[PDB]
Amino acid sequence: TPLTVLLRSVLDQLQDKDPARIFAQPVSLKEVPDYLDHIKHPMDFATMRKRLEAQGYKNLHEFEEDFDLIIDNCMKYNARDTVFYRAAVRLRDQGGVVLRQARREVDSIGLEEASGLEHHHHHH
């Protein structure tokens with residue numbers, strides 16, 4: 001469907017803002033045993049991918065909410081002076097540009113035309 005196509009393109013670009021794959025898979029309790037003491041709703045790109053594949057996002061807003069979980073959880077759990085926190089800040093800022101442009105396109109030119117534009121932009 002057009003919505004899956006749009007969200008797939010957006011998710012691919014969001015992951016490009018995470019080149020070291022810090023957010024690509026769930027945080028492991030084996031490596032981070034106290035994670036769930038601070039984070040109640042873990043989220044990661046692979047989990048968003050699965051939800052996408054199954055048409056589990058009603059619209060862009062629900063998709064943004066999952067992206068926000070990835071960001072907010074990382075800035076909550078990890079202290080400011082860490083590699084994880086800084087990577088979350090870059091993903092928040094760089095991905096926010098992507099998300100606001102995608103919403104802007106859907107609202108102005110329609111979902112199909114936005115999915116077409118998101119599959120290959122001519123500029124950024």
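Structure determination for the deposited model, as stated in its record, used X-ray crystallography, and the stated resolution is 1.75 Å.

Where the PDB entry is consulted, the chain appears under the name Bromodomain-containing protein 1, with the organism given as Homo sapiens. Its PDB title, taken directly from the record, is "Crystal structure of BRD1 in complex with 18-Crown-6".

So, on to the pattern of salt bridges. Following the criterion strictly, the structure yields six salt bridges and no others. Note that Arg49 is salt-bridged to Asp12, the shortest N-O span being 2.8 Å. Highlighted residues: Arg49 in helix α3 (residues 45-53) and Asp12 in helix α1 (residues 2-16), separated in sequence by 37 residues. Note that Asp81 and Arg86 form a salt bridge whose closest N and O atoms lie 3.0 Å from each other. Under the relative-accessibility criterion, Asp81 is labelled exposed at 65%.

The axes of two packed helices give the description: the angle between them and the distance between them. In the contact formed by helix α5 (residues 83-109) and helix α6 (residues 111-119), the axes pass within 7 Å of each other and the chain directions differ by 140°. Accordingly, the angle class assigned to the pair α5 and α6 is oblique. Taken as a pair, α5 and α6 cross one another with a handedness that is right-handed. Here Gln101, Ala102, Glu105, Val106 and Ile109 of α5 lie close against α6, whose contacting residues are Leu111, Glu113, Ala114, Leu117 and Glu118. Its residues placed into classes, the contact of α5 with α6 shows six nonpolar, one polar and three charged.

Further remarks concern α6. When α6 is considered as a whole, its buried residues turn out to be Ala114, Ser115 and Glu118. Along the axis of α6, the buried residues cluster in a sector spanning 100°; they form a single face. Opposite the packed face of α6, turned more than 90 degrees from it, sit the exposed residues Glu112 and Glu113. On the buried face of α6, the contacting elements are α1 and α5.

Attention now moves to the packing of helix α4 (residues 60-77) against α5. One can describe the packing of α4 onto α5 by two numbers: an axis separation of 9 Å at closest approach and a directional angle of 165°. Here α4 is positioned roughly antiparallel relative to α5, judged by the angle of their axes. Helix-helix and strand crossings are classified by hand; for α4 and α5 the assignment is left-handed. The residues of α5 that touch α4, namely those facing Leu60, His61, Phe63, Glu64, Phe67, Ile71, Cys74 and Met75, are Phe84, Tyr85, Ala88, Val89, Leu91, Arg92, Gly95, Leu99, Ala102 and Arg103. Taken together, the residues that form the contact of α4 with α5 break down as 13 nonpolar, two polar and three charged.

Conventions adopted
- Residues numbered from 1 in each chain as written, not as in the entry; some residues may be left out.
- Heavy atoms only, no water.
- Salt bridge = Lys/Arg side-chain N within 4 Å of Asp/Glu carboxyl O.
- Helix = DSSP H or I, 4+ residues; strand = E, 2+ residues; numbered from the N terminus.
- Buried < 20%, exposed > 50% of the residue type's maximum accessible area, 1.4 Å probe, protein only.
- Axes fitted to C-alpha atoms, helices over the stretch in contact; angles between N-to-C directions.
- Parallel < 35°, antiparallel > 145°, perpendicular 65-115°, else oblique.
- Left-handed = near helix turned anticlockwise from the far one by under 90°.
- Contact = heavy atoms within 4.5 Å.
- Nonpolar A, V, L, I, M, F, W, Y, C, P; charged D, E, K, R; others polar.
- Arc of directions from axis to C-beta.

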